[PDB]
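Colleague: just dropping in an experimental structure and the matching sequence.
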Amino acid sequence: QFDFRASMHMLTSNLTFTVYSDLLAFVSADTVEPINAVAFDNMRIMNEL
Amino acid sequence: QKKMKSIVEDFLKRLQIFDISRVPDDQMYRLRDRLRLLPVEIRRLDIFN
């Protein structure tokens, strides 16, 4: 049998939010001029210039 | 940021007997290394000083 007391619930959630997927789209990403690019040792990747 | 290949290319061109079109960049940079070890001529060195 349907019983109102056993069927009435309060459902809770957030009022509103926005889900995002492309996290890296929030990053501004530049690079140095390749002439000035350095390796792990902090010297230029190519040094013969 | 200055690539010195142009200097060696000018040097070889002014020697007048080589065809620079046949000279690779690696050879020009080896020439640059050998030139870099030489002292500067006295008048030019004093002017630069």
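Modeller: Nice, thanks for sending it over. Numbering: from 1, shown residues only, chains lettered A, B, ... in the order given.
Colleague: which parts of the chain are helices?
Modeller: Just going to use chain A. Remark: helices assigned in chain A by DSSP state H are A:4-7.
Colleague: can you look at chain B instead?
Modeller: Applying DSSP H to chain B gives helices spanning B:5-15, B:25-36, B:42-48.
Colleague: remind me what the first one packs against, helices and strands.
Modeller: Right, the one you point to is helix B:5-15. helix B:25-36 (3 or more C-beta pairs under 8 Å, 6 or more residues apart in numbering or on different chains; DSSP states H and E). C-beta: built from backbone N, CA, C; applies to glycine.
Colleague: distance to residue A:19 for the helices of chain B - can I get that in TSV?
Modeller: Listed next are the helices of chain B as TSV, based on distance: least, C-beta to C-beta, whole Å:
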stretch	distance to residue A:19
helix B:5-15	54
helix B:25-36	53
helix B:42-48	65
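Colleague: I'd like these laid out as JSON lines, including mean neighbour count.
Modeller: Listed next are the helices of chain B as JSON lines, based on neighbours: other C-beta atoms under 10 Å in any protein chain shown:
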{"stretch": "helix B:5-15", "mean neighbour count": "13"}
{"stretch": "helix B:25-36", "mean neighbour count": "13"}
{"stretch": "helix B:42-48", "mean neighbour count": "9"}
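Colleague: can you tell me which residues in chain A are near chain B?
Modeller: Neighbours of chain B within chain A, by C-beta under 8 Å from any C-beta of the partner chain: A:33, A:35, A:36, A:48, A:49.
Colleague: center of chain A, which residue is that?
Modeller: By C-alpha atoms, centre = their mean, the mean C-alpha position of chain A lies nearest to residue A:23, the distance being 2.4 Å.
Colleague: from chain B, how far off is it?
Modeller: Noted for residue A:23: a distance of 35 Å to chain B, by C-beta to the nearest C-beta, to the nearest Å.
Colleague: count of neighbours near residue A:7?
Modeller: Using other C-beta atoms under 10 Å in any protein chain shown, residue A:7 is surrounded by 7 other residues.
Colleague: need the max-distance pair from the residues of chain A next to chain B.
Modeller: Largest separation among the residues of chain A next to chain B by C-beta to C-beta: A:33 and A:48, giving 16.5 Å.
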